[PDB]
Amino acid sequence: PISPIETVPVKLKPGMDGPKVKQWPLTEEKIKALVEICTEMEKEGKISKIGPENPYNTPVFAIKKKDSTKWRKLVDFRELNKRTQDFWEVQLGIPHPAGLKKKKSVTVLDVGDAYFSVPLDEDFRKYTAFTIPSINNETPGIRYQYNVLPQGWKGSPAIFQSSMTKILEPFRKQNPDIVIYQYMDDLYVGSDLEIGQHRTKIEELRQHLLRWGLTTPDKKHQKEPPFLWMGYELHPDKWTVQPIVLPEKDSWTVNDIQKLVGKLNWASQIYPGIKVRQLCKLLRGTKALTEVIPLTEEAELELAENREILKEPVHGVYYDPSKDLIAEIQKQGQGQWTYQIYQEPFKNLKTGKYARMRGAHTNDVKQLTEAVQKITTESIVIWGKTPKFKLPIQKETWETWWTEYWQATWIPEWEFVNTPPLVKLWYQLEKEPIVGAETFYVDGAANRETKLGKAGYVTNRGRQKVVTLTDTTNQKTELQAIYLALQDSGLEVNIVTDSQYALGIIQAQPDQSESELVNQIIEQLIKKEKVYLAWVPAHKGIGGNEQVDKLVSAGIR
Amino acid sequence: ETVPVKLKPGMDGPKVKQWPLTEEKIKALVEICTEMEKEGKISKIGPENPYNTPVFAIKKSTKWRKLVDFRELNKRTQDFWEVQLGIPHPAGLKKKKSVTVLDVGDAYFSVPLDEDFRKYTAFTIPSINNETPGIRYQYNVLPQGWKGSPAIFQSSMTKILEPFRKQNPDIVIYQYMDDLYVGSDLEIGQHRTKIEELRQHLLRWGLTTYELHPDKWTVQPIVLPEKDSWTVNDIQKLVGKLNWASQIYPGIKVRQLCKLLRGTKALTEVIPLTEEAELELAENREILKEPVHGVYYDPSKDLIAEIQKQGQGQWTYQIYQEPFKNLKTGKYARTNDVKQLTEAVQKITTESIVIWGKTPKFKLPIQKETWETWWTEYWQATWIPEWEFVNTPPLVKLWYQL
Ligand SMILES: Clc1ccccc1CSc1nnc(-c2cccs2)n1Cc1ccccc1
Ligand SMILES: [Cl-]
Ligand SMILES: [Cl-]
Ligand SMILES: [Cl-]
Ligand SMILES: [Cl-]
Ligand SMILES: [Cl-]
Ligand SMILES: [Mg+2]
């Protein structure tokens with residue numbers, strides 16, 4: 001049928017007129033196929049013959065069908081699509097299984113001939129005109145235009161979905177305790193009614209659907225659970241990802257490793273503890289897809305542990321709105337975090353991992369807080385509320401860090417849970433200068449052209465050193481100067497720099513970095529008992545800063 | 001009846017994604033929009049509308065209110081509300097002893113919106129877990145939060161306020177967005193009584209059946225401690241702090257003070273306070289107390305606000321148009337980092353509206369995502385300033401302590 005539903009008004013992009021692409025001459029067999037196909041469509045109202053006066057045209061092709069003797073028509077809507085108005089997006093996101101309420105029953109109904117069952121704005125059909133060419137282009141071809149939504153036209157997915165929503169509107173209104181998920185040309189229908197009253201509501205829905213042009217399968221032809229959808233496997237009381245097999249390979253190409261990482265990332269939303277860090281490192285660099293990459297031992301250890309995790313099937317449970325959501329996070333090391341979300345202990349709705357880094361230098365307390373933020377946003381999308389958190393960090397550790405740190409934060413309700421490794425601050429910078437601790441005035445400078453520099457220090461105890469550096473920038477030499485001070489000082493030490501840059505990094509109490517130096521600096525700071533770090537304006541003729549300035553400026557400034 | 005509105009050519013309308021909302025805020029929006037639709041103020045729309053602006057729920061105290069985020073549409077409409085139909089901002093408002101803010105947003109829903117413009121006011125109520133299509137609407141009347149609405153309602157407003165202004169020629173009334181700002185030099189009881197009167201006038205047209213003291217707004221100077229004894233550290237701290245001011249205030253001097261540091265001294269060492277030092281020291285205090293010589297508001301330039309977390313529930317802020325040429329600095333005090341930041345932003349936005357008739361773009365010391373999820377939990381205002389997210393330079397924080 002063609003749905004009696006009002007059409008959606010459609011316009012071409014302003015300043016633009018419809019397409020006028022020239023029809024290429026086809027073979028007779030393709031011309032015959034096309035004529036047969038269009039005749040059938042013409043009979044059912046899908047298309048209509050038009051006169052020669054329509055200026056517009058779009059190429060039509062025909063190709064063989066799945067290796068059979070069936071033919072299929074193929075319109076090239078590239079040019080119309082380029083000229084058609086933009087539409088609102090079909091879906092803003094897709095359900096996650098974990099957010100689906102526990103329910104008695106779900107029926108899937110697909111729509112037959114979806115696009116062709118919906119009318120096209122009449123004032124727009126003229127722009128969809130195509131021409132079936134006569135044999136070797138002797139005579140005027142046959143010309144049609146669409147009355148329904150074309151396959152491959154830009155507007156079809158959106159107008160189809162919105163037609164279905166209008167049609168569904170009253171049925172959903174009258175059936176509040178029935179829920180319907182629309183996906184493409186499928187319809188998932190769920191309820192807490194018992195079988196009979198459910199199979200009865202499905203027929204009422206089918207009938208309503210039919211009164212409106214949409215045919216659907218009957219109980220005999222309705223697909224049954226498990227539902228396979230967007231990579232998931234959906235059962236009445238549980239859900240998992242679709243089956244994942246990790247190939248046996250003597251040797252891995254870039255392409256095999258990419259696919260492996262893809263499947264592993266996908267499994268990680270319900271298989272806890274999946275890691276891809278070491279497999280990802282392998283992918284670094286521009287290499288051919290066909291290129292073989294030997295596995296490092298760390299990547300090899302990683303593949304094994306993932307293989308162990310995936311060996312036995314795991315499933316997730318559905319959502320009960322009357323119970324709380326609990327989210328637990330554990331540190332997995334090397335900036336890797338893993339989480340689980342459940343309502344009844346250890347029956348997970350879903351799992352996830354977080355292994356992002358924000359900035360070049362960071363600490364476990366920042367990272368944990370970013371993981372909580374990520375999980376909060378996800379929960380709001382999936383469930384419409386934030387979970388209760390269980391975190392591997394002491395309340396005192398967390399308030400010590402964030403009351404002192406210069407950026408604002410806030411994570412919702414959490415409780416400490418003792419699931420090592422615990423996150424802790426590894427050193428603390430002193431708040432006041434230390435009495436009876438040597439004071440190093442450090443500095444570093446690099447010649448912009450030479451690309452070589454110096455790093456050194458002067459001491460209030462008269463001590464001093466300078467070192468020469470290759471390939472260095474002004475930024476690096478200032479970190480290097482601070483590193484010297486820590487290497488050559490005792491357990492307590494005051495350090496005076498004039499590098500805001502260096503001050504910033506250290507001030508933030510990083511426990512991990514991208515920079516080799518910063519990690520050396522970090523290891524030092526941990527070994528110390530007290531460190532006080534202070535900043536002075538350069539070139540203001542200050543204190544000891546002036547001395548170490550010139551000592552290091554020479555050669556050259 | 002309908003004032004035709006153009007976008008700034010050749011800009012297209014707003015296409016901003018809807019941020020995720022909790023269940024209760026979604027439910028609240030459904031109730032509100034269901035009623036407004038019955039009342040003809042908005043209409044459901046089809047996919048042929050490609051536009052979107054975000055919508056949120058807030059409390060203003062027990063009731064939920066709809067807040068549409070028109071920052072993008074506003075930027076794209078700026079020829080209309082600022083240039084073609086601009087509303088003058090009185091310099092007298094900041095002078096008054098008392099300024100009361102009144103929400104007059106309900107006025108707009110009584111005027112129809114140009115039919116060729118309505119499509120740009122599209123918004124979307126999302127659904128939990130994406131299980132149902134967003135509910136899509138556009139506006140049929142002047143929407144709250146669009147800068148065009150007060151521009152268009154402008155002439156109706158002056159009609160409404162005419163008798164009251166005439167009877168009270170020393171009261172200043174300024175409309176900004178959904179709000180009326182009403183200032184006077186009356187004693188507080190007389191002022192409050194004059195507000196009730198104004199409400200009665202408004203009530204014959206539209207309003208149901210918040211109080212500033214701008215002339216008490218004074219700069220939060222860069223503080224130079226008065227100290228018992230000074231260490232090398234204290235001096236260095238001080239030079240770095242003065243050396244920073246010297247980039248802002250004409251006349252700042254440090255020379256007769258770094259002379260104290262000369263040599264390579266221990267941080268803890270005590271030091272004798274010179275006369276030359278304690279002289280300019282005090283003279284700089286003079287400079288820091290005053291407004292910045294040479295700095296003026298440029299109506300063509302955007303306002304920027306920077307905010308620093310000081311701890312103890314304290315927050316420092318500066319407003320400027322060109323960096324380090326401060327038009328205004330201040331502080332805000334007194335739980336929750338995000339809630340406090342949210343309060344400070346609204347307060348700074350408010351003073352900014354009173355003083356300049358313009359809103360600051362904020363540089364916010366917080367993670368984008370943290371702010372994004374939490375801010376509406378506390379936001380009470382009916383406008384939304386522009387913001388971006390920065391990591392505060394730790395030194396800047398130090399220089400604005402108390
Ligand atoms: Cl509960 C159930 C019962 C029998 C068979 C599978 C399931 C799980 S699949 C499911 N659970 N709820 C739903 C619905 C939610 C809203 C309307 S139906 N579904 C179907 C569904 C399939 C694919 C994506 C999202 C939901
Ligand atoms: Cl492949
Ligand atoms: Cl349009
Ligand atoms: Cl009072
Ligand atoms: Cl005040
Ligand atoms: Cl000025
Ligand atoms: Mg499908």
# chains A, B, ... in the order shown; residues from 1 in each chain; ligands from 1
>>> residues_around(residues="residue 313 (chain A)", least_positions_apart="5", cutoff="12 Å", atoms="only C-alpha atoms", output="list in words")
residues 239, 240, 241, 242, 243, 244, 245, 267, 270, 271, 272, 307 and 308 of chain A
>>> write_last_selection(atoms="N, CA, C and O atoms", output="tab-separated table (two decimals), in the first residue's frame")
chain	number	residue	atom	x	y	z
A	239	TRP	N	21.31	-10.19	28.31
A	239	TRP	CA	21.81	-9.69	27.04
A	239	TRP	C	23.32	-9.88	27.07
A	239	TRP	O	23.92	-9.86	28.14
A	240	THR	N	23.91	-10.07	25.90
A	240	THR	CA	25.36	-10.10	25.78
A	240	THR	C	25.72	-9.50	24.44
A	240	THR	O	24.84	-9.12	23.67
A	241	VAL	N	27.01	-9.38	24.15
A	241	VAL	CA	27.41	-9.01	22.80
A	241	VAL	C	27.36	-10.24	21.91
A	241	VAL	O	27.38	-11.38	22.39
A	242	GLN	N	27.25	-10.02	20.60
A	242	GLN	CA	27.19	-11.14	19.68
A	242	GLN	C	28.52	-11.89	19.72
A	242	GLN	O	29.55	-11.33	20.11
A	243	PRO	N	28.50	-13.16	19.31
A	243	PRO	CA	29.63	-14.08	19.51
A	243	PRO	C	30.92	-13.52	18.93
A	243	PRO	O	30.94	-13.00	17.82
A	244	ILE	N	31.99	-13.64	19.71
A	244	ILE	CA	33.29	-13.09	19.32
A	244	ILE	C	34.36	-14.16	19.33
A	244	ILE	O	34.66	-14.74	20.37
A	245	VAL	N	34.95	-14.44	18.17
A	245	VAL	CA	36.06	-15.38	18.12
A	245	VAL	C	37.38	-14.68	17.79
A	245	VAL	O	37.52	-13.99	16.78
A	267	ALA	N	33.64	-6.12	23.18
A	267	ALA	CA	33.36	-7.11	24.22
A	267	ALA	C	33.46	-6.48	25.60
A	267	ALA	O	32.83	-6.95	26.56
A	270	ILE	N	30.71	-5.72	28.42
A	270	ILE	CA	30.13	-6.72	29.30
A	270	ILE	C	31.13	-7.75	29.83
A	270	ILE	O	30.92	-8.32	30.89
A	271	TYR	N	32.23	-8.00	29.11
A	271	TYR	CA	33.34	-8.77	29.67
A	271	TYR	C	34.31	-7.86	30.43
A	271	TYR	O	35.00	-7.02	29.84
A	272	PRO	N	34.38	-8.04	31.76
A	272	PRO	CA	35.16	-7.14	32.61
A	272	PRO	C	36.65	-7.42	32.49
A	272	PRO	O	37.06	-8.57	32.34
A	307	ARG	N	42.16	-13.50	26.20
A	307	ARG	CA	41.68	-14.79	25.72
A	307	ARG	C	41.06	-15.57	26.88
A	307	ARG	O	40.09	-16.30	26.70
A	308	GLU	N	41.64	-15.41	28.06
A	308	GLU	CA	41.15	-16.11	29.24
A	308	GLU	C	39.80	-15.55	29.63
A	308	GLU	O	38.87	-16.30	29.92
>>> residues_near_ligand(ligand="ligand 3", cutoff="8 Å", atoms="only C-alpha atoms and all ligand atoms", output="PyMOL selection string")
(chain A and resi 11+13+85-86) or (chain B and resi 48-50+119)
>>> closest_atom_pairs(of="chain A", to="chain B", cutoff="7 Å", atoms="only C-alpha atoms", output="CSV")
residue,atom,partner,partner_atom,distance
A:9,CA,B:48,CA,6.9
A:10,CA,B:48,CA,6.5
A:86,CA,B:50,CA,5.8
A:87,CA,B:50,CA,4.5
A:88,CA,B:50,CA,4.2
A:93,CA,B:130,CA,5.8
A:94,CA,B:130,CA,5.4
A:95,CA,B:129,CA,4.9
A:96,CA,B:129,CA,6.5
A:99,CA,B:129,CA,6.1
A:158,CA,B:47,CA,6.2
A:159,CA,B:47,CA,6.4
A:162,CA,B:47,CA,6.9
A:181,CA,B:131,CA,5.6
A:373,CA,B:370,CA,6.3
A:377,CA,B:373,CA,6.9
A:380,CA,B:22,CA,5.7
A:381,CA,B:129,CA,5.5
A:382,CA,B:129,CA,4.3
A:383,CA,B:128,CA,6.2
A:384,CA,B:22,CA,4.2
A:385,CA,B:22,CA,5.4
A:403,CA,B:311,CA,6.5
A:406,CA,B:309,CA,5.8
A:407,CA,B:365,CA,5.0
A:408,CA,B:366,CA,5.1
A:409,CA,B:337,CA,5.7
A:410,CA,B:338,CA,6.4
A:433,CA,B:267,CA,6.3
A:434,CA,B:268,CA,6.9
A:435,CA,B:268,CA,5.8
A:439,CA,B:266,CA,5.7
A:459,CA,B:264,CA,6.8
A:460,CA,B:264,CA,5.1
A:504,CA,B:394,CA,6.4
A:536,CA,B:240,CA,5.9
A:537,CA,B:240,CA,5.7
A:542,CA,B:258,CA,5.9
A:543,CA,B:261,CA,4.5
A:544,CA,B:264,CA,3.9
>>> write_last_selection(atoms="C-alpha atoms", output="compact mmCIF listing (two decimals), in the first residue's frame")
# COMPACT_ATOMS: atom_id res chain seq x y z
CA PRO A 9 6.89 19.15 2.84
CA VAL A 10 10.30 19.09 1.22
CA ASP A 86 19.10 19.03 5.19
CA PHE A 87 16.85 17.12 7.57
CA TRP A 88 16.78 16.52 11.30
CA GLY A 93 21.69 7.71 19.90
CA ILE A 94 20.68 4.08 20.13
CA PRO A 95 19.44 2.23 23.20
CA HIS A 96 22.01 0.39 25.23
CA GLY A 99 19.07 0.53 30.06
CA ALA A 158 13.98 10.62 8.29
CA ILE A 159 10.58 11.05 6.64
CA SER A 162 8.66 10.43 11.37
CA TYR A 181 11.27 0.91 20.00
CA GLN A 373 32.64 11.97 34.96
CA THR A 377 27.32 11.07 31.66
CA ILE A 380 22.37 9.71 32.60
CA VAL A 381 22.05 8.73 28.92
CA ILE A 382 21.32 5.08 29.66
CA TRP A 383 19.25 5.27 32.87
CA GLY A 384 18.40 8.93 33.38
CA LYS A 385 20.13 9.12 36.72
CA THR A 403 40.54 21.16 48.17
CA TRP A 406 43.21 24.89 41.59
CA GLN A 407 40.51 23.47 39.29
CA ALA A 408 36.97 22.85 40.52
CA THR A 409 35.37 19.42 40.68
CA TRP A 410 32.46 17.39 41.97
CA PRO A 433 59.91 27.22 52.49
CA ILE A 434 61.98 24.85 54.59
CA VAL A 435 64.39 26.12 57.23
CA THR A 439 68.14 26.58 48.38
CA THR A 459 73.18 27.53 45.77
CA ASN A 460 72.94 29.72 48.88
CA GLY A 504 52.79 24.42 36.61
CA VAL A 536 60.48 34.37 40.60
CA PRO A 537 60.27 36.78 37.63
CA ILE A 542 66.44 38.93 41.62
CA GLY A 543 68.36 37.16 44.31
CA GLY A 544 70.24 34.09 43.17
>>> residues_around(residues="residue 330 (chain A)", least_positions_apart="5", cutoff="9 Å", atoms="only C-alpha atoms", output="ChimeraX atom specification")
/A:336-340,368,391-392,419-422
>>> residues_near_ligand(ligand="ligand 4", cutoff="12 Å", atoms="only C-alpha atoms and all ligand atoms", output="ChimeraX atom specification")
/B:187-189,192,210-211
>>> write_last_selection(atoms="C-alpha atoms", output="short mmCIF file (atom, residue, chain, number, x, y, z; two decimals), in the first residue's frame")
data_model
loop_
_atom_site.label_atom_id
_atom_site.label_comp_id
_atom_site.auth_asym_id
_atom_site.auth_seq_id
_atom_site.Cartn_x
_atom_site.Cartn_y
_atom_site.Cartn_z
CA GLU B 187 15.37 53.97 51.41
CA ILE B 188 14.84 50.23 51.24
CA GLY B 189 11.21 50.24 52.41
CA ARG B 192 10.36 47.85 47.95
CA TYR B 210 15.79 39.89 43.99
CA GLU B 211 17.74 42.90 45.22
#
>>> residues_near_ligand(ligand="ligand 6", cutoff="8 Å", atoms="only C-alpha atoms and all ligand atoms", output="PyMOL selection string")
chain B and resi 295-298+327
>>> residues_near_ligand(ligand="ligand 1", cutoff="8 Å", atoms="only C-alpha atoms and all ligand atoms", output="CSV table (one decimal) with N, CA and C atoms, in the first residue's frame")
chain,number,residue,atom,x,y,z
A,94,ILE,N,21.4,5.3,20.2
A,94,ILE,CA,20.7,4.1,20.1
A,94,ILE,C,20.6,3.5,21.5
A,95,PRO,N,19.5,2.8,21.9
A,95,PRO,CA,19.4,2.2,23.2
A,95,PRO,C,20.7,1.4,23.5
A,96,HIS,N,21.1,1.4,24.8
A,96,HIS,CA,22.0,0.4,25.2
A,96,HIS,C,21.2,-0.7,25.9
A,97,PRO,N,21.4,-1.9,25.6
A,97,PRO,CA,20.7,-3.0,26.3
A,97,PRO,C,20.6,-2.8,27.8
A,100,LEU,N,17.5,-1.1,29.2
A,100,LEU,CA,16.1,-1.7,29.0
A,100,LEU,C,15.5,-2.3,30.2
A,101,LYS,N,14.3,-1.8,30.6
A,101,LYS,CA,13.6,-2.3,31.7
A,101,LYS,C,13.3,-3.8,31.6
A,102,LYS,N,13.5,-4.6,32.7
A,102,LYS,CA,13.0,-5.9,32.8
A,102,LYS,C,11.5,-5.9,32.4
A,103,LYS,N,11.1,-6.8,31.5
A,103,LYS,CA,9.7,-6.9,31.1
A,103,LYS,C,9.3,-8.3,30.6
A,104,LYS,N,8.0,-8.5,30.7
A,104,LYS,CA,7.5,-9.9,30.3
A,104,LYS,C,7.7,-10.3,28.9
A,105,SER,N,7.4,-9.4,27.9
A,105,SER,CA,7.5,-9.9,26.5
A,105,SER,C,7.8,-8.8,25.5
A,106,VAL,N,8.4,-9.2,24.5
A,106,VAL,CA,8.8,-8.3,23.4
A,106,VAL,C,8.5,-9.0,22.1
A,107,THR,N,7.8,-8.3,21.2
A,107,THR,CA,7.6,-8.8,19.8
A,107,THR,C,8.3,-7.9,18.9
A,108,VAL,N,9.0,-8.5,17.9
A,108,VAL,CA,9.5,-7.7,16.8
A,108,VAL,C,8.6,-7.8,15.5
A,178,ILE,N,2.3,0.0,27.1
A,178,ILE,CA,3.0,-0.7,26.0
A,178,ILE,C,4.2,0.2,25.6
A,179,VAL,N,5.3,-0.4,25.3
A,179,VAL,CA,6.4,0.4,24.8
A,179,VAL,C,6.9,-0.1,23.4
A,180,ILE,N,7.3,0.8,22.5
A,180,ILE,CA,7.7,0.5,21.2
A,180,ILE,C,9.0,1.2,20.9
A,181,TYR,N,10.0,0.4,20.5
A,181,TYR,CA,11.3,0.9,20.0
A,181,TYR,C,11.3,0.9,18.5
A,183,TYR,N,13.3,1.0,15.1
A,183,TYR,CA,14.6,1.0,14.5
A,183,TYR,C,14.6,0.6,13.0
A,188,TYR,N,10.1,-2.9,17.7
A,188,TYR,CA,10.2,-3.8,18.9
A,188,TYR,C,9.1,-3.3,19.9
A,189,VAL,N,8.3,-4.3,20.3
A,189,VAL,CA,7.1,-4.0,21.1
A,189,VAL,C,7.1,-4.8,22.4
A,190,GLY,N,7.1,-4.1,23.5
A,190,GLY,CA,7.3,-4.8,24.8
A,190,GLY,C,6.3,-4.4,25.8
A,191,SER,N,6.0,-5.3,26.8
A,191,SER,CA,5.0,-5.1,27.8
A,191,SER,C,5.2,-6.1,29.0
A,224,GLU,N,11.7,-14.8,16.4
A,224,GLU,CA,11.7,-15.0,17.8
A,224,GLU,C,13.1,-14.8,18.5
A,225,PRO,N,13.1,-14.5,19.8
A,225,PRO,CA,14.3,-14.3,20.5
A,225,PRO,C,15.2,-15.5,20.4
A,226,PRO,N,16.6,-15.3,20.5
A,226,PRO,CA,17.2,-14.1,20.8
A,226,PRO,C,17.2,-13.1,19.6
A,227,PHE,N,17.0,-11.8,20.0
A,227,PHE,CA,17.1,-10.8,19.0
A,227,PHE,C,18.5,-10.3,18.7
A,228,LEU,N,18.9,-10.3,17.4
A,228,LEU,CA,20.2,-9.9,17.0
A,228,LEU,C,20.2,-8.5,16.5
A,229,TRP,N,20.9,-7.6,17.2
A,229,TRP,CA,20.7,-6.2,16.9
A,229,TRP,C,21.9,-5.3,17.3
A,230,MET,N,22.4,-4.5,16.3
A,230,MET,CA,23.5,-3.6,16.5
A,230,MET,C,24.7,-4.3,17.2
A,234,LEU,N,20.0,-10.4,22.4
A,234,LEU,CA,19.0,-10.0,23.3
A,234,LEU,C,18.0,-11.1,23.7
A,235,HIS,N,18.1,-11.6,24.9
A,235,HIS,CA,17.3,-12.6,25.5
A,235,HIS,C,16.2,-12.0,26.4
A,236,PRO,N,15.2,-12.8,26.8
A,236,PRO,CA,14.2,-12.3,27.7
A,236,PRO,C,14.6,-11.8,29.1
A,237,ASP,N,15.7,-12.4,29.6
A,237,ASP,CA,16.2,-12.0,30.9
A,237,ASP,C,17.7,-11.7,31.0
A,238,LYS,N,18.3,-11.7,29.8
A,238,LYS,CA,19.7,-11.3,29.8
A,238,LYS,C,20.1,-10.8,28.4
A,239,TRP,N,21.3,-10.2,28.3
A,239,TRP,CA,21.8,-9.7,27.0
A,239,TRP,C,23.3,-9.9,27.1
A,318,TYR,N,19.1,-6.9,32.8
A,318,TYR,CA,18.3,-5.7,32.5
A,318,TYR,C,18.0,-4.8,33.7
B,131,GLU,N,15.1,5.4,23.6
B,131,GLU,CA,14.1,4.4,23.3
B,131,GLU,C,12.9,4.9,22.5
>>> select_by_dssp(residues="region 68-316 of chain A", states="strand (DSSP E or B)", output="MDAnalysis selection string")
chainID A and resid 71:75 84 101 105:110 119 130:132 142:146 148 178:183 186:191 227:229 232:234 239:241 252:253 292:293 316
>>> closest_residue(among="B:333, B:381, B:396, B:125", to="residue 59 (chain B)", atoms="only C-alpha atoms")
B:381
>>> closest_atom_pairs(of="chain A", to="ligand 2", cutoff="10 Å", atoms="only C-alpha atoms and all ligand atoms", output="CSV")
residue,atom,partner,partner_atom_place_in_ligand_line,distance
A:255,CA,ligand 2,1 (Cl),7.2
A:256,CA,ligand 2,1 (Cl),7.9
A:258,CA,ligand 2,1 (Cl),10.0
A:259,CA,ligand 2,1 (Cl),8.1
A:289,CA,ligand 2,1 (Cl),9.9
>>> closest_atom_pairs(of="chain B", to="ligand 5", cutoff="9 Å", atoms="only C-alpha atoms and all ligand atoms", output="tab-separated table")
residue	atom	partner	partner_atom_place_in_ligand_line	distance
B:98	CA	ligand 5	1 (Cl)	8.8
B:211	CA	ligand 5	1 (Cl)	7.5
B:212	CA	ligand 5	1 (Cl)	4.7
B:213	CA	ligand 5	1 (Cl)	4.6
B:214	CA	ligand 5	1 (Cl)	6.3
B:215	CA	ligand 5	1 (Cl)	8.8
B:216	CA	ligand 5	1 (Cl)	7.0
B:217	CA	ligand 5	1 (Cl)	6.9
B:347	CA	ligand 5	1 (Cl)	8.9
B:351	CA	ligand 5	1 (Cl)	8.8
>>> write_last_selection(atoms="C-alpha atoms", output="mmCIF file, in the first residue's frame")
data_model
loop_
_atom_site.group_PDB
_atom_site.id
_atom_site.type_symbol
_atom_site.label_atom_id
_atom_site.label_comp_id
_atom_site.auth_asym_id
_atom_site.auth_seq_id
_atom_site.Cartn_x
_atom_site.Cartn_y
_atom_site.Cartn_z
ATOM 1 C CA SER B 98 19.197 49.527 45.127
ATOM 2 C CA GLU B 211 17.741 42.901 45.219
ATOM 3 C CA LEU B 212 21.157 44.437 44.305
ATOM 4 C CA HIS B 213 23.200 47.289 45.790
ATOM 5 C CA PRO B 214 25.482 48.393 42.917
ATOM 6 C CA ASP B 215 26.856 51.607 44.412
ATOM 7 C CA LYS B 216 28.318 49.392 47.139
ATOM 8 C CA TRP B 217 30.232 47.472 44.482
ATOM 9 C CA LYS B 347 26.536 36.977 40.167
ATOM 10 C CA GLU B 351 26.812 42.864 37.757
#
>>> residues_around(residues="region 35-37 of chain B", least_positions_apart="6", cutoff="12 Å", atoms="only C-alpha atoms", output="ChimeraX atom specification")
/B:28-29,43-45,66,106,109-110,135-141,143
>>> select_by_dssp(residues="region 517-550 of chain A", states="alpha helix (DSSP H)", output="VMD selection string")
chain A and resid 517 to 527 545 to 550
>>> atom_distance(atom1="CA of residue 281 (chain A)", atom2="CA of residue 367 (chain A)")
20.1 Å
>>> residues_near_ligand(ligand="ligand 7", cutoff="7 Å", atoms="only C-alpha atoms and all ligand atoms", output="mmCIF file with C-alpha atoms, in the first residue's frame")
data_model
loop_
_atom_site.group_PDB
_atom_site.id
_atom_site.type_symbol
_atom_site.label_atom_id
_atom_site.label_comp_id
_atom_site.auth_asym_id
_atom_site.auth_seq_id
_atom_site.Cartn_x
_atom_site.Cartn_y
_atom_site.Cartn_z
ATOM 1 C CA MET A 184 14.848 1.402 10.734
ATOM 2 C CA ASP A 185 11.953 -0.691 9.427
ATOM 3 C CA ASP A 186 11.663 -2.826 12.527
#
>>> atom_distance(atom1="CA of residue 169 (chain A)", atom2="CA of residue 55 (chain B)")
22.5 Å
>>> residues_around(residues="region 414-417 of chain A", least_positions_apart="4", cutoff="12 Å", atoms="only C-alpha atoms", output="ChimeraX atom specification")
/A:325-330,369,372,376,386-398,410,421-423
>>> closest_residue(among="B:142, B:73, B:195, B:57", to="residue 40 (chain B)", atoms="only C-alpha atoms")
B:142
>>> residues_around(residues="residue 199 (chain B)", least_positions_apart="4", cutoff="9 Å", atoms="only C-alpha atoms", output="JSON, numbers by chain")
{"B": [102, 194, 195, 203, 204, 207, 208, 209]}
>>> decode(residues="region 235-241 of chain B", atoms="N, CA, C and O atoms", output="JSON list (two decimals), in the first residue's frame")
[["chain", "number", "residue", "atom", "x", "y", "z"],
["B", 235, "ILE", "N", 59.61, 38.39, 50.03],
["B", 235, "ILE", "CA", 60.01, 39.47, 49.15],
["B", 235, "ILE", "C", 59.85, 39.04, 47.69],
["B", 235, "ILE", "O", 59.26, 39.76, 46.88],
["B", 236, "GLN", "N", 60.36, 37.86, 47.38],
["B", 236, "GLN", "CA", 60.25, 37.29, 46.04],
["B", 236, "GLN", "C", 58.79, 37.16, 45.64],
["B", 236, "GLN", "O", 58.40, 37.55, 44.55],
["B", 237, "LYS", "N", 57.99, 36.60, 46.54],
["B", 237, "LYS", "CA", 56.54, 36.53, 46.36],
["B", 237, "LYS", "C", 56.03, 37.90, 45.98],
["B", 237, "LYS", "O", 55.23, 38.05, 45.05],
["B", 238, "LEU", "N", 56.52, 38.91, 46.69],
["B", 238, "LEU", "CA", 56.03, 40.27, 46.56],
["B", 238, "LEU", "C", 56.45, 40.91, 45.24],
["B", 238, "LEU", "O", 55.64, 41.57, 44.58],
["B", 239, "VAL", "N", 57.70, 40.72, 44.84],
["B", 239, "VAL", "CA", 58.18, 41.29, 43.59],
["B", 239, "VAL", "C", 57.42, 40.67, 42.42],
["B", 239, "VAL", "O", 57.06, 41.36, 41.46],
["B", 240, "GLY", "N", 57.19, 39.36, 42.49],
["B", 240, "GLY", "CA", 56.47, 38.68, 41.44],
["B", 240, "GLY", "C", 55.05, 39.20, 41.34],
["B", 240, "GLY", "O", 54.45, 39.23, 40.27],
["B", 241, "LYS", "N", 54.53, 39.62, 42.49],
["B", 241, "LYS", "CA", 53.16, 40.10, 42.57],
["B", 241, "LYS", "C", 53.06, 41.54, 42.06],
["B", 241, "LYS", "O", 52.12, 41.89, 41.36]]
